[PDB]
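Trainee: Encoded as structure tokens, here's the structure I'll be asking about.
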There are 2 protein chains.
Amino acid sequence: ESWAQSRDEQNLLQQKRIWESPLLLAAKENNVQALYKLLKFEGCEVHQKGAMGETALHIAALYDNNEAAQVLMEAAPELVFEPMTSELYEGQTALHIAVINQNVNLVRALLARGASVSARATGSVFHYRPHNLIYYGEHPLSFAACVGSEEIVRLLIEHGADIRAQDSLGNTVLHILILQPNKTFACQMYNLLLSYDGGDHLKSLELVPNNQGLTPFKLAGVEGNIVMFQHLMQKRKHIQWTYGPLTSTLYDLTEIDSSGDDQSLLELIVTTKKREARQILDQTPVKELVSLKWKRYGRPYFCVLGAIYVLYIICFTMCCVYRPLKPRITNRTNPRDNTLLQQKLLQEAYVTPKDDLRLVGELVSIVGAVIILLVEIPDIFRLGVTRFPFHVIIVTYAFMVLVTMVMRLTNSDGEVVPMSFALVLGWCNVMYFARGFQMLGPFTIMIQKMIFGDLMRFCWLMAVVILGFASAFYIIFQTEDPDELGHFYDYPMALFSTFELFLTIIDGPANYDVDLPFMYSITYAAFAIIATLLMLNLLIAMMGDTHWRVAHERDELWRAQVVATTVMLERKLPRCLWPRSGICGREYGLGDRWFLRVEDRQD
Amino acid sequence: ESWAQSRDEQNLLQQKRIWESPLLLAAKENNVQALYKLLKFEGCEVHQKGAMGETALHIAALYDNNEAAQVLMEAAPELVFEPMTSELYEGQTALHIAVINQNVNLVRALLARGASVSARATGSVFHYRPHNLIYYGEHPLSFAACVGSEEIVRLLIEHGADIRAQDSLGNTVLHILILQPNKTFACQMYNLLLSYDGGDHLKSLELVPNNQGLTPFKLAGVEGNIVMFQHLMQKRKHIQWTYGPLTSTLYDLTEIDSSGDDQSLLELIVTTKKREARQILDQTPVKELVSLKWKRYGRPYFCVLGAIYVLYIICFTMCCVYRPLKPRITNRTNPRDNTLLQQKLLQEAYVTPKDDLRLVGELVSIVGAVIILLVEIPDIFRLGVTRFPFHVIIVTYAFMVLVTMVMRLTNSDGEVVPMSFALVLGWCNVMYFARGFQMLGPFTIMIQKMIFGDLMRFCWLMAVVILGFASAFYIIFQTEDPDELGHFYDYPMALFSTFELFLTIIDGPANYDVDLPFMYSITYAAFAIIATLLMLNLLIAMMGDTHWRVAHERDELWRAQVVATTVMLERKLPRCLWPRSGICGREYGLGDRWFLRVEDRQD
């Protein structure tokens, strides 16, 4: 609001002060004859400031003006030694401009003068922000190794630019090459960068984490850089032996999984909302990982756990339908004619025939709630709240049973209300076991995509309509009988009744023995037109949600839900029944890591 | 599970023992100077085993290492004479590796040494399995004639490789060339293989069946190899005479049909689930066969049989609606107020007016059931069970009538229940006569595609929803009156009632004279949202089932159902009314087979 508009202010003030002190104006157009006229007999003072603390050398480098800066290096060889003093432009020497603008003659002249290749241009513009247009680190070597100027890249090593370098965010240049969409050339440059860290490795430069602890090979799967991920894969791809079209190939599998422990590339994939990060699973040393990890013992241990949940709900369900119910004991229908009721038992002890069996059955159900809340608090508190899905329901289903337990031994009336919420949530929570079922799996996702996405953009469009016609009909039938044609007696009944007409489930107000008021004959006629078109416009809106999403976009989501389930079962379930996949370096001393072998065909 | 994971174990053990005994390690990298250092003064023992019983000659052939094996043939010319002794690799000599890896210098050197060209590499890897990646028979000639090395193919005949050869599955190489997707070159090779069986034919090599009795021309229609099928067609394509664009052409038609007898290419097409095998009917000596066989006397004998089934059902239907019914004889409504009833006749004999006519009409219907079960037991027992369709119903419709006959002369009460199942199955079983009707034919298939395919993936999604809300409403209306607002009195009524709201057929619970409990006002409001969206998501799921299937994919299925009906009518109906198509070699002595003439145009 007030900030990015202020960024325009110095930009004009940069160009306002270029009219003042016209040696900058000569530096704009590389007008060196005026630069003779302002320095060859004027002499001493040239250290001119500006908007971002910029210099005449900075401006004469800001455009590709070699000949003016050729004078300026001869005139003032200390403008190199000073950076930009600003907040938006902090630490940027003229080298960073000369690097980023491909001026090979000037950079080589600046390095002939001698410029700090380790300078950190830490201006607030240069921070890794989604509103800033670019981000290329701190050091000019990072600015060298992002624009394609491999000659400067070779030249900066000749003047000692450390490949081992960190930005504000703990990244090397290797992380930053992931962070550009212009990936058509940096893979060629990716080979160039590792060529100049061939001497002193000490971890061979790939095991650098960032500020938050992320190696670049793990970062590229997070960032979804597919092409970088493949040339990265060449390091760890150990071919066993070829056989015509058959290529028996082994993978190192060091960090693609790590079996829990919060730093695992499979765990790092399904945490983000980035759509491009999902397609890392299309790669053959990853899809073969998740297939064998799920088909061998990921699917059946899921489906066995699928069965025990159903027997939990039915045990819950039968104990709900057999509640103890006193007949009436509240005297009669003392509120007139709308007060049908039947009481419940308060504190009469549980009798033995078919009722302690109801009691021990609830004791099956009450321990099933608390075991969830002991195992799902490391599913929420692990990641703050950030849970936006079906784990929202299993904690909510567990809440309602405890409320029913609170209604036990206190004997308040409102126990049916959490029990009614428990059943619709308990039976809808076995939708989560439609993930790993091939016959109806991808249909399950198209439900939940329209829950938070499409229902939410329609409930406002229903509430804008239902609030009129229910209120309209209430004015009409305010002066009527609730006995005959009593399709609402009061106002909030009319909202629920009009809902029962807008969704076209109930016939509606029609009593032919009497005369309806004619405004009902008009408004409801106008209502049903709107109801039958807002219904179809929604179904139209469903079509645009699926014509695009059937184009091989819903299948991969179902594959993703296989993995995200499999990751949690790998994470939450103990190491007595979940063995480590792959084959380690014990009994085959090759690299000590768990190895996976993939055999392929070429056609 | 435990098996394919074990396949990785020897592969490492193959590469574990290559570090041990480093003459294998020299053979890996073709390091012959070490092979001088381990044989030229060591001498005697070189017969080294390994994982799959492999040799040093096997490993030095496993990579294209000519010069090491050049020493090895000079050093140990008995490694050729031994194969691999393993289970996974049984009978594989080094020739099979040298053949499959295009090493023309080495194979010619091995055959100069002299290797068995008739060796059968019968390892369990090499079996025709869908989990194994390749399958090229037993003999190296089969390995020669699949990879494109026609020079070795010519070379193996020079050392006497029999074209007349059988694998474990009774196949020659001609069957195996069908079994590769890489068909871009083997048709050229298909001419090459028949060139070297030009001398001694005795059936000219094409009439070889497999282990189960399948000739390759019949196999290619089964395997759906379209391109092989066309060059196969050239053998039997006898051109009569051309006329400008008109090309009068005759086909041999020997085995494309065989009129019953369980070995018939038309019968062999519509038995499989292979989608590619359906497109063999697109070929012009096949589509012209089925058109004339169905239009001349396949369609009208179907439609005449269509009419007799309808008169069977209506004769069944009128005899059902005229059951003999005693008035009440069970005394009154002794169970209170929900026991309306009317009795049936037990053993009072059939009176003559309009009732023996009912009796002889059932005698029309009871003989119609048993004639089906005498003619459909060679439709099930012929093929085990394997019936997954409409022949499932005609055996089930026949069952219910026999149960009704069992209810006759025993006078049990539950006769309405098989009779009610009989009517809905009897009237839906005349959907089978919508196959051969052009105006609504392809619409009939889109029904049955969604029965076992799309209904089944939705009934779980209904049962997951209906089990909550019916059980939810039952808790609500457990403490209520079944007299007023009695939309279920007990629990299983609520399941059928909520079904009668989820499909949005009945208005629902609404009694305005009383006060509904407010949790009904919330849950049913939440229910109808879910009901009106799960309905639309299903209709969304219908759209992805037909946007792809309208793209010229439903029409050919309707053509397939024409043929599969026509094949059964050719098979099940006798040779007095179903004459053999084509024209035999009697009165035109050409080849004795039934000949079909096709005239075509070129544009």
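Residue numbering restarts at 1 in every chain; chains get A, B, ... in the order shown in the structure tokens, and ligands count up from 1 in that same order.
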Please list as a compact mmCIF listing (two decimals) with N, CA, C and O atoms, in the first residue's frame every residue within 12 Å of residue B:284, counting only C-alpha atoms and excluding residues in the same chain fewer than 3 positions away.
Mentor:
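Result file follows (out_29.txt):
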# COMPACT_ATOMS: atom_id res chain seq x y z
N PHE B 229 -1.28 -58.91 -39.45
CA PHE B 229 -2.51 -59.48 -40.00
C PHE B 229 -2.68 -59.13 -41.47
O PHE B 229 -3.30 -59.89 -42.22
N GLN B 230 -2.12 -58.00 -41.90
CA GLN B 230 -2.32 -57.55 -43.27
C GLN B 230 -1.35 -58.22 -44.22
O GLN B 230 -1.71 -58.61 -45.33
N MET B 233 -2.49 -61.51 -44.75
CA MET B 233 -3.65 -61.58 -45.61
C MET B 233 -3.25 -61.72 -47.07
O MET B 233 -4.03 -62.23 -47.88
N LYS B 237 -5.08 -63.87 -50.52
CA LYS B 237 -5.84 -62.84 -51.22
C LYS B 237 -5.67 -63.07 -52.72
O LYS B 237 -4.63 -62.74 -53.29
N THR B 249 -11.88 -59.13 -55.97
CA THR B 249 -10.88 -59.84 -55.19
C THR B 249 -11.55 -60.95 -54.40
O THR B 249 -12.63 -60.76 -53.84
N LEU B 250 -10.91 -62.12 -54.37
CA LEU B 250 -11.42 -63.28 -53.67
C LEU B 250 -10.54 -63.60 -52.48
O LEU B 250 -9.32 -63.43 -52.55
N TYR B 251 -11.14 -64.06 -51.39
CA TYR B 251 -10.40 -64.50 -50.22
C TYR B 251 -10.59 -65.99 -49.98
O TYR B 251 -11.63 -66.56 -50.31
N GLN B 279 -10.23 -54.47 -33.03
CA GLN B 279 -10.05 -53.73 -34.27
C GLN B 279 -9.64 -54.61 -35.44
O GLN B 279 -9.36 -54.07 -36.52
N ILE B 280 -9.59 -55.93 -35.26
CA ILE B 280 -9.36 -56.81 -36.39
C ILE B 280 -10.59 -56.82 -37.29
O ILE B 280 -10.49 -57.02 -38.50
N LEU B 281 -11.76 -56.54 -36.71
CA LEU B 281 -13.00 -56.46 -37.47
C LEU B 281 -13.03 -55.27 -38.42
O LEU B 281 -13.91 -55.21 -39.28
N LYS B 287 -14.92 -57.44 -42.00
CA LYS B 287 -16.14 -56.64 -41.90
C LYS B 287 -17.11 -56.97 -43.02
O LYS B 287 -18.33 -56.86 -42.83
N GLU B 288 -16.61 -57.39 -44.17
CA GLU B 288 -17.50 -57.79 -45.23
C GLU B 288 -18.08 -59.17 -44.96
O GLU B 288 -19.18 -59.48 -45.42
N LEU B 289 -17.34 -59.99 -44.21
CA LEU B 289 -17.85 -61.29 -43.79
C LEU B 289 -19.05 -61.12 -42.87
O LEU B 289 -20.12 -61.69 -43.11
N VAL B 290 -18.88 -60.34 -41.81
CA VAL B 290 -19.90 -60.25 -40.79
C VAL B 290 -21.10 -59.45 -41.26
O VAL B 290 -22.21 -59.66 -40.76
N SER B 291 -20.92 -58.55 -42.22
CA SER B 291 -22.04 -57.76 -42.71
C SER B 291 -23.00 -58.64 -43.50
O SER B 291 -24.19 -58.69 -43.21
N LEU B 596 -14.95 -66.13 -50.53
CA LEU B 596 -15.74 -64.91 -50.53
C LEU B 596 -15.10 -63.91 -51.48
O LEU B 596 -13.88 -63.69 -51.44
N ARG B 597 -15.92 -63.27 -52.30
CA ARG B 597 -15.45 -62.31 -53.28
C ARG B 597 -15.77 -60.90 -52.83
O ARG B 597 -16.91 -60.60 -52.47
N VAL B 598 -14.76 -60.04 -52.85
CA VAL B 598 -14.91 -58.65 -52.45
C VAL B 598 -14.49 -57.78 -53.62
O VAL B 598 -13.39 -57.94 -54.16
N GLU B 599 -15.36 -56.87 -54.02
CA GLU B 599 -15.03 -55.87 -55.02
C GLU B 599 -14.90 -54.50 -54.35
O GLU B 599 -15.68 -54.16 -53.45
N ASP B 600 -13.88 -53.75 -54.75
CA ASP B 600 -13.49 -52.54 -54.04
C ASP B 600 -13.30 -51.40 -55.02
O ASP B 600 -13.31 -51.58 -56.24
Trainee: Give me the residues within 12 Å of residue B:477 as number ranges by chain, counting only C-alpha atoms and dropping any in the same chain fewer than 3 places off.
Mentor: A: 321, 340-342, 416, 420; B: 469-474, 480-491, 493-494, 509, 516-520
Trainee: Hey, list the chain B side of the contact with chain A: 8 Å cut-off, only C-alpha atoms, answer as a PyMOL selection string.
Mentor: chain B and resi 1+8+12-13+15-16+62-63+97+100-101+133+182+457-458+461+464-465+467-469+471-476+479-481+504-508+512-515+519+521+525+528+532+534+536-537+540-541+544
Trainee: Mind checking which residues fall within 12 Å of residue A:203, counting only C-alpha atoms, ignoring those fewer than 5 positions away in the same chain, and posting them as an mmCIF file with N, CA, C and O atoms, in the first residue's frame?
Mentor:
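See out_17.cif below for the written result:
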data_model
loop_
_atom_site.group_PDB
_atom_site.id
_atom_site.type_symbol
_atom_site.label_atom_id
_atom_site.label_comp_id
_atom_site.auth_asym_id
_atom_site.auth_seq_id
_atom_site.Cartn_x
_atom_site.Cartn_y
_atom_site.Cartn_z
ATOM 1 N N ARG A 164 31.899 -21.885 -2.669
ATOM 2 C CA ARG A 164 31.380 -22.045 -1.324
ATOM 3 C C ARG A 164 30.982 -20.675 -0.798
ATOM 4 O O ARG A 164 31.825 -19.917 -0.307
ATOM 5 N N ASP A 197 34.642 -26.570 -8.438
ATOM 6 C CA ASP A 197 34.801 -27.025 -7.067
ATOM 7 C C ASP A 197 35.257 -28.472 -7.132
ATOM 8 O O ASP A 197 34.685 -29.352 -6.482
ATOM 9 N N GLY A 198 36.276 -28.722 -7.945
ATOM 10 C CA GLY A 198 36.813 -30.055 -8.093
ATOM 11 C C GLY A 198 37.977 -30.334 -7.166
ATOM 12 O O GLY A 198 38.358 -31.493 -6.980
ATOM 13 N N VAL A 208 25.169 -28.698 1.005
ATOM 14 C CA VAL A 208 24.914 -27.427 1.682
ATOM 15 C C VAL A 208 23.417 -27.294 1.924
ATOM 16 O O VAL A 208 22.625 -27.439 0.978
ATOM 17 N N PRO A 209 22.984 -27.058 3.140
ATOM 18 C CA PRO A 209 21.573 -26.739 3.358
ATOM 19 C C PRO A 209 21.360 -25.246 3.216
ATOM 20 O O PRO A 209 22.330 -24.496 3.080
ATOM 21 N N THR A 215 18.827 -28.985 1.374
ATOM 22 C CA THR A 215 19.813 -29.250 0.337
ATOM 23 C C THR A 215 19.175 -28.984 -1.023
ATOM 24 O O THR A 215 17.947 -29.075 -1.142
#
Trainee: Using Å and a single decimal, report how far atom CA of residue B:142 sits from atom CA of residue B:178.
Mentor: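 Computing it gives 12.2 Å between the two atoms.
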Trainee: So which one's closest to residue A:130, A:179, A:303, A:161, A:315? Using only C-alpha atoms, please.
Mentor: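 Closest candidate: A:179.
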Trainee: Extract, using only C-alpha atoms, all DNA, RNA and protein residues at most 10 Å from stretch 185-187 of chain B, discarding same-chain residues fewer than 5 positions from it, and format them as a PyMOL selection string.
Mentor: chain B and resi 145-148+174+177-178+180+192-193+227-232
Trainee: Please indicate the distance in Å from atom CA of residue B:99 to atom CA of residue B:40, rounded to one decimal place.
Mentor: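 Computing it gives 28.9 Å between the two atoms.
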Trainee: Report, in Å with one decimal, the straight-line distance from atom CA of residue A:300 to atom CA of residue A:372.
Mentor: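 Between these atoms lies a distance of 21.1 Å.
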Trainee: Skipping near chain neighbours, those fewer than 4 positions away, what residues fall within 12 Å of residue B:405 using only C-alpha atoms, listed as a list in words?
Mentor: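 Answer for this query is residues 362, 363, 365, 366, 367, 369, 370, 398, 399, 400, 401, 409, 410, 411, 412, 414, 415, 416, 418 and 419 of chain B.
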Trainee: For the selection you just gave me, I'd like the residues written to a file as a PDB file, in the first residue's frame, keeping N, CA, C and O atoms.
Mentor:
ATOM      1  N   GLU B 362     -49.770 -71.001 -18.033  1.00  0.00           N
ATOM      2  CA  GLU B 362     -48.576 -71.230 -17.236  1.00  0.00           C
ATOM      3  C   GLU B 362     -47.800 -72.419 -17.773  1.00  0.00           C
ATOM      4  O   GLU B 362     -46.568 -72.454 -17.685  1.00  0.00           O
ATOM      5  N   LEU B 363     -48.507 -73.396 -18.339  1.00  0.00           N
ATOM      6  CA  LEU B 363     -47.835 -74.528 -18.957  1.00  0.00           C
ATOM      7  C   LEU B 363     -47.088 -74.131 -20.215  1.00  0.00           C
ATOM      8  O   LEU B 363     -46.134 -74.817 -20.591  1.00  0.00           O
ATOM      9  N   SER B 365     -45.591 -71.250 -20.037  1.00  0.00           N
ATOM     10  CA  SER B 365     -44.489 -70.530 -19.421  1.00  0.00           C
ATOM     11  C   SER B 365     -43.510 -71.463 -18.725  1.00  0.00           C
ATOM     12  O   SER B 365     -42.308 -71.184 -18.703  1.00  0.00           O
ATOM     13  N   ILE B 366     -43.990 -72.568 -18.155  1.00  0.00           N
ATOM     14  CA  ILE B 366     -43.080 -73.433 -17.411  1.00  0.00           C
ATOM     15  C   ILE B 366     -42.203 -74.254 -18.355  1.00  0.00           C
ATOM     16  O   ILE B 366     -41.061 -74.583 -18.015  1.00  0.00           O
ATOM     17  N   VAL B 367     -42.669 -74.549 -19.570  1.00  0.00           N
ATOM     18  CA  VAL B 367     -41.800 -75.257 -20.496  1.00  0.00           C
ATOM     19  C   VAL B 367     -40.797 -74.312 -21.133  1.00  0.00           C
ATOM     20  O   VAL B 367     -39.764 -74.764 -21.640  1.00  0.00           O
ATOM     21  N   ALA B 369     -39.032 -72.180 -19.482  1.00  0.00           N
ATOM     22  CA  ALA B 369     -37.881 -72.051 -18.600  1.00  0.00           C
ATOM     23  C   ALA B 369     -36.910 -73.201 -18.800  1.00  0.00           C
ATOM     24  O   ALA B 369     -35.703 -72.983 -18.961  1.00  0.00           O
ATOM     25  N   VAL B 370     -37.423 -74.433 -18.810  1.00  0.00           N
ATOM     26  CA  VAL B 370     -36.568 -75.610 -18.869  1.00  0.00           C
ATOM     27  C   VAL B 370     -35.882 -75.776 -20.210  1.00  0.00           C
ATOM     28  O   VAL B 370     -34.824 -76.408 -20.276  1.00  0.00           O
ATOM     29  N   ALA B 398     -34.882 -68.007 -15.546  1.00  0.00           N
ATOM     30  CA  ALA B 398     -35.339 -69.385 -15.572  1.00  0.00           C
ATOM     31  C   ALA B 398     -35.387 -69.999 -14.184  1.00  0.00           C
ATOM     32  O   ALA B 398     -36.227 -70.866 -13.936  1.00  0.00           O
ATOM     33  N   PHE B 399     -34.517 -69.566 -13.277  1.00  0.00           N
ATOM     34  CA  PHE B 399     -34.548 -70.048 -11.903  1.00  0.00           C
ATOM     35  C   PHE B 399     -35.829 -69.688 -11.178  1.00  0.00           C
ATOM     36  O   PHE B 399     -36.372 -70.532 -10.461  1.00  0.00           O
ATOM     37  N   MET B 400     -36.329 -68.470 -11.372  1.00  0.00           N
ATOM     38  CA  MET B 400     -37.437 -67.988 -10.559  1.00  0.00           C
ATOM     39  C   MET B 400     -38.736 -68.698 -10.909  1.00  0.00           C
ATOM     40  O   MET B 400     -39.596 -68.897 -10.043  1.00  0.00           O
ATOM     41  N   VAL B 401     -38.886 -69.105 -12.169  1.00  0.00           N
ATOM     42  CA  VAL B 401     -40.103 -69.794 -12.581  1.00  0.00           C
ATOM     43  C   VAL B 401     -40.143 -71.186 -11.970  1.00  0.00           C
ATOM     44  O   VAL B 401     -41.198 -71.659 -11.531  1.00  0.00           O
ATOM     45  N   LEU B 409     -47.768 -77.064  -5.732  1.00  0.00           N
ATOM     46  CA  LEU B 409     -47.811 -78.408  -5.143  1.00  0.00           C
ATOM     47  C   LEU B 409     -47.106 -78.502  -3.791  1.00  0.00           C
ATOM     48  O   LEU B 409     -46.882 -79.604  -3.283  1.00  0.00           O
ATOM     49  N   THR B 410     -46.739 -77.367  -3.207  1.00  0.00           N
ATOM     50  CA  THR B 410     -46.202 -77.305  -1.856  1.00  0.00           C
ATOM     51  C   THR B 410     -46.877 -76.222  -1.042  1.00  0.00           C
ATOM     52  O   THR B 410     -46.998 -76.372   0.181  1.00  0.00           O
ATOM     53  N   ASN B 411     -47.346 -75.158  -1.698  1.00  0.00           N
ATOM     54  CA  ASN B 411     -48.256 -74.157  -1.157  1.00  0.00           C
ATOM     55  C   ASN B 411     -47.639 -73.391   0.000  1.00  0.00           C
ATOM     56  O   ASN B 411     -48.308 -73.098   0.992  1.00  0.00           O
ATOM     57  N   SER B 412     -46.356 -73.080  -0.125  1.00  0.00           N
ATOM     58  CA  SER B 412     -45.698 -72.162   0.783  1.00  0.00           C
ATOM     59  C   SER B 412     -46.113 -70.736   0.446  1.00  0.00           C
ATOM     60  O   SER B 412     -46.622 -70.453  -0.640  1.00  0.00           O
ATOM     61  N   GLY B 414     -44.199 -67.777   0.379  1.00  0.00           N
ATOM     62  CA  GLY B 414     -43.315 -66.905  -0.368  1.00  0.00           C
ATOM     63  C   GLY B 414     -43.183 -67.225  -1.842  1.00  0.00           C
ATOM     64  O   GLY B 414     -42.085 -67.525  -2.315  1.00  0.00           O
ATOM     65  N   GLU B 415     -44.288 -67.165  -2.580  1.00  0.00           N
ATOM     66  CA  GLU B 415     -44.254 -67.318  -4.026  1.00  0.00           C
ATOM     67  C   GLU B 415     -44.255 -65.988  -4.750  1.00  0.00           C
ATOM     68  O   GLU B 415     -43.902 -65.939  -5.931  1.00  0.00           O
ATOM     69  N   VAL B 416     -44.684 -64.923  -4.082  1.00  0.00           N
ATOM     70  CA  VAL B 416     -44.713 -63.618  -4.715  1.00  0.00           C
ATOM     71  C   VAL B 416     -43.296 -63.115  -4.905  1.00  0.00           C
ATOM     72  O   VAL B 416     -42.975 -62.465  -5.905  1.00  0.00           O
ATOM     73  N   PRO B 418     -40.285 -64.813  -5.596  1.00  0.00           N
ATOM     74  CA  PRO B 418     -39.620 -65.148  -6.864  1.00  0.00           C
ATOM     75  C   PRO B 418     -40.380 -64.650  -8.067  1.00  0.00           C
ATOM     76  O   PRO B 418     -39.762 -64.386  -9.105  1.00  0.00           O
ATOM     77  N   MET B 419     -41.702 -64.520  -7.961  1.00  0.00           N
ATOM     78  CA  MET B 419     -42.483 -64.019  -9.083  1.00  0.00           C
ATOM     79  C   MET B 419     -42.206 -62.543  -9.313  1.00  0.00           C
ATOM     80  O   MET B 419     -42.188 -62.077 -10.459  1.00  0.00           O
TER      81      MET B 419
END
Trainee: Any chance you could list, as a PyMOL selection string, the residues in stretch 140-364 of chain B that come up strand (DSSP E) when DSSP is run on the backbone?
Mentor: chain B and resi 237-243+246-251
Trainee: Create the file for the chosen residues now, containing N, CA, C and O atoms and written as a PDB file, in the first residue's frame.
Mentor:
ATOM      1  N   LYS B 237      -5.084 -63.875 -50.517  1.00  0.00           N
ATOM      2  CA  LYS B 237      -5.838 -62.841 -51.217  1.00  0.00           C
ATOM      3  C   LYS B 237      -5.670 -63.067 -52.715  1.00  0.00           C
ATOM      4  O   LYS B 237      -4.629 -62.744 -53.294  1.00  0.00           O
ATOM      5  N   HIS B 238      -6.695 -63.621 -53.342  1.00  0.00           N
ATOM      6  CA  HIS B 238      -6.639 -64.019 -54.739  1.00  0.00           C
ATOM      7  C   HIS B 238      -7.436 -63.012 -55.556  1.00  0.00           C
ATOM      8  O   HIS B 238      -8.669 -63.007 -55.511  1.00  0.00           O
ATOM      9  N   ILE B 239      -6.738 -62.164 -56.300  1.00  0.00           N
ATOM     10  CA  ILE B 239      -7.397 -61.115 -57.067  1.00  0.00           C
ATOM     11  C   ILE B 239      -8.024 -61.725 -58.310  1.00  0.00           C
ATOM     12  O   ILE B 239      -7.352 -62.412 -59.086  1.00  0.00           O
ATOM     13  N   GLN B 240      -9.318 -61.471 -58.507  1.00  0.00           N
ATOM     14  CA  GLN B 240     -10.003 -62.002 -59.682  1.00  0.00           C
ATOM     15  C   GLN B 240      -9.626 -61.221 -60.933  1.00  0.00           C
ATOM     16  O   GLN B 240      -8.959 -61.751 -61.825  1.00  0.00           O
ATOM     17  N   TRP B 241     -10.005 -59.944 -60.981  1.00  0.00           N
ATOM     18  CA  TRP B 241      -9.787 -59.096 -62.144  1.00  0.00           C
ATOM     19  C   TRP B 241     -10.078 -57.652 -61.778  1.00  0.00           C
ATOM     20  O   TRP B 241     -11.075 -57.361 -61.115  1.00  0.00           O
ATOM     21  N   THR B 242      -9.215 -56.756 -62.230  1.00  0.00           N
ATOM     22  CA  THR B 242      -9.349 -55.335 -61.955  1.00  0.00           C
ATOM     23  C   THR B 242     -10.113 -54.649 -63.076  1.00  0.00           C
ATOM     24  O   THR B 242     -10.149 -55.130 -64.212  1.00  0.00           O
ATOM     25  N   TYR B 243     -10.742 -53.520 -62.749  1.00  0.00           N
ATOM     26  CA  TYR B 243     -11.540 -52.795 -63.736  1.00  0.00           C
ATOM     27  C   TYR B 243     -11.512 -51.311 -63.393  1.00  0.00           C
ATOM     28  O   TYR B 243     -12.432 -50.807 -62.748  1.00  0.00           O
ATOM     29  N   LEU B 246     -12.197 -50.481 -60.010  1.00  0.00           N
ATOM     30  CA  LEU B 246     -12.809 -51.677 -59.453  1.00  0.00           C
ATOM     31  C   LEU B 246     -11.794 -52.804 -59.386  1.00  0.00           C
ATOM     32  O   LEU B 246     -11.112 -53.095 -60.370  1.00  0.00           O
ATOM     33  N   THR B 247     -11.687 -53.428 -58.218  1.00  0.00           N
ATOM     34  CA  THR B 247     -10.777 -54.547 -57.989  1.00  0.00           C
ATOM     35  C   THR B 247     -11.583 -55.705 -57.422  1.00  0.00           C
ATOM     36  O   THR B 247     -11.827 -55.768 -56.214  1.00  0.00           O
ATOM     37  N   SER B 248     -11.994 -56.620 -58.288  1.00  0.00           N
ATOM     38  CA  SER B 248     -12.688 -57.821 -57.848  1.00  0.00           C
ATOM     39  C   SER B 248     -11.674 -58.779 -57.235  1.00  0.00           C
ATOM     40  O   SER B 248     -10.716 -59.188 -57.898  1.00  0.00           O
ATOM     41  N   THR B 249     -11.879 -59.131 -55.971  1.00  0.00           N
ATOM     42  CA  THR B 249     -10.877 -59.839 -55.192  1.00  0.00           C
ATOM     43  C   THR B 249     -11.547 -60.953 -54.404  1.00  0.00           C
ATOM     44  O   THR B 249     -12.626 -60.757 -53.841  1.00  0.00           O
ATOM     45  N   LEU B 250     -10.907 -62.116 -54.368  1.00  0.00           N
ATOM     46  CA  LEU B 250     -11.425 -63.282 -53.673  1.00  0.00           C
ATOM     47  C   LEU B 250     -10.536 -63.595 -52.477  1.00  0.00           C
ATOM     48  O   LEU B 250      -9.316 -63.428 -52.546  1.00  0.00           O
ATOM     49  N   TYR B 251     -11.143 -64.062 -51.389  1.00  0.00           N
ATOM     50  CA  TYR B 251     -10.398 -64.496 -50.217  1.00  0.00           C
ATOM     51  C   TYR B 251     -10.590 -65.986 -49.976  1.00  0.00           C
ATOM     52  O   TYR B 251     -11.630 -66.560 -50.310  1.00  0.00           O
TER      53      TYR B 251
END
